[PDB]
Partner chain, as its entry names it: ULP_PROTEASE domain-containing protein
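Given next, in structure tokens, is a single chain: the form deposited without its partner chain.
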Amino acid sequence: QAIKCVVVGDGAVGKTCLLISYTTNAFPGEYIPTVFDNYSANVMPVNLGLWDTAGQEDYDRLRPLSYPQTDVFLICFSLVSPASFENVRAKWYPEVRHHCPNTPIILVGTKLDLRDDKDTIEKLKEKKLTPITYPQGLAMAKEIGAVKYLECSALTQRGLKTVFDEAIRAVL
């Protein structure tokens, strides 16, 4: 069987690194491929088709062309970017539900390894911000009726497997 999963969220939340680290078992490091592509993993036996998107505003009109026949969406935000997190409810949930009113959503917080990073915490403090905590993410997930809320690091592959196992379980 074949499942189509689309991954959405602001530019730089780690969407492409999440897909390559998951399917490669390696953080692409300093050269992240720039061609927006679709990837695939066979897991048990299911084929998970993983569609990357261009999350920048410039692509607002073209991006939804990859949405038809999506089985499940990953809405990604960076745990160390409250602006990407606010955009879950400002932008991504309304956009996904406008085109796909009944497709299940999974809310994914990314870059978990930076949550307890001194240098990241300090830079956010000077804008009077703090990383998104687990209770905050879970609250957002039930606000938007996400079937599940998960946190992961593409860099350390902590939590990464569960994201896509849960994506498959939202289908089937």
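Only residues modelled in both forms are compared. Numbering follows the first chain given and starts at 1. By rigid core we mean the largest C-alpha set that fits within 1.5 Å across both forms.
Below: the form solved in complex with its partner chain, not depicted.
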*The unique member of 54, 139, 147, 121 whose heavy atoms fall within 4.5 Å of its partner chain in the deposited bound form*: 54
*Contact test in the deposited bound form: residue 117 vs its partner chain, heavy atoms, 4.5 Å*: no
*Verify the contact flag for residue 134: yes if a non-hydrogen atom of it lies within 4.5 Å of a non-hydrogen atom of its partner chain in the deposited bound form, no if not.*
no
*Flag residue 103 as yes or no: does it have a non-hydrogen atom within 4.5 angstroms of any non-hydrogen atom of its partner chain in the deposited bound form?*
no
*Contact flag, residue 130 vs its partner chain in the deposited bound form, heavy atom cut 4.5 Å*: no
_C-alpha of residue 37 off by 2 Å or more between this form and the one not shown on rigid core_ = yes
*Classify the change in Cα distance between residue 35 and residue 152 in the deposited bound form as closer or farther, relative to the shown form (magnitude of 3 Å or more).*
closer
*Answer with closer or farther for the CA-CA spacing of residue 35 and residue 19 in the deposited bound form compared to the shown form; it moves by 3 Å or more.*
closer
*Determine the segments between this form and the one not shown made of three or more consecutive residues whose Cα atoms all move at least 2 Å, using the rigid core for the superposition and only residues common to both forms.*
27 to 37
